Each structure stands twice: as structure tokens, then as C-alpha cells.
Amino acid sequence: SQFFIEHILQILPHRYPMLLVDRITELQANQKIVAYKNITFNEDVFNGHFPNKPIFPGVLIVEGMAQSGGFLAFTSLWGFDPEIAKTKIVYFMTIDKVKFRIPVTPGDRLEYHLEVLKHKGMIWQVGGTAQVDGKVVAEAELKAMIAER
């Protein structure tokens, strides 16, 4: 159900400044994930996006959704297994139906809601939304392949 940063670090190979999931609040195998990233001014991204107007990049929202969806796919098949995690990689083949509705800014808790749309073998198609305070800020569908590292 709940995974904290330490758990996340053992599953995902992403490190600073490209690990964009802070906590997993909900996880149903083969079904859905709810996770989040806290948004703060204290992030290097905001130096350039943009000067005097801090806006969390929309592509990094999608990236966070992908990272959530990849975590869903991996743990669905192998559970919380750091040893297997090092032998596998989840890369993203496609991204589709992306819509941005509301700008994300420092102070926002950026929540990722992804469900498994379909899966066959190592090909997993996830989809859902990014949410701040109950509102949809973005949506996206993503297709991942799981492979050997």
C-alpha cells in the first residue's frame, strides 16, 4: 500500500534531479497506483522555468506519471524486490492523449493517479491523471516495455 522514498529508491533507477515521485499512497497489483511529488521553490528546475514565474514543467508531470506507472507495472509482477529491480528496466515507448489544464506551482502536492488500461507480457499500457487538491491538472496515456537491464 504505502511506499516511502527509501522504498522508491530501491525500485526505480532514477536519481536526482530526475526522481520525480516522493511517496506511494496506494497500490493495487495489475490495477492502479496513487503516488505524489511535492512541489517546492527549492528545485533547480525553477531557475529556468521560468525566472520570476515558477511553473512546474508539463513534461515533468508526464515523467512523474510514467515513473508511477513503471512502479505499478514492476511491483505488480515482482512485488517489492530490489534484487530483481536491478536486473530490469521499464522504458516508455509511447505517450498519448496528453492534456494540461492547470499550471503546477511551488506549494502544490502533485498527485499521480494511474490505472492499468491493458497489459500483455512485458508491454503495459497505463493511463490517468495528475491532480492537485482534487482537481485534474493533467492527463496522459503511456505505454511501457519491461526488459532486462
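We number the residues from 1 along the sequence you see. In this text, rigid core is short for the largest set of C-alphas that superpose within 1.5 Å between two forms.
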{"query": "More variable segment, 3-11 or 140-148 [Cα RMS over structures in 7 other deposited structures of this protein, core-superposed]", "finding": "140-148"}
{"query": "Farther-lying stretch by C-alpha RMS in 7 other deposited structures of this protein (rigid core fit) among 95-103, 81-89", "finding": "81-89"}
{"query": "Segment of higher mean CA temperature factor, 119-127 or 39-47", "finding": "119-127"}
{"query": "Mean C-alpha temperature factor, higher of 10-18 and 137-145", "finding": "137-145"}
{"query": "Maximum C-alpha temperature factor, selected from 59, 85, 34, 104", "finding": "85"}
{"query": "Given 90, 55, 110, 66, the residue at which the Cα B factor reaches its maximum", "finding": "90"}
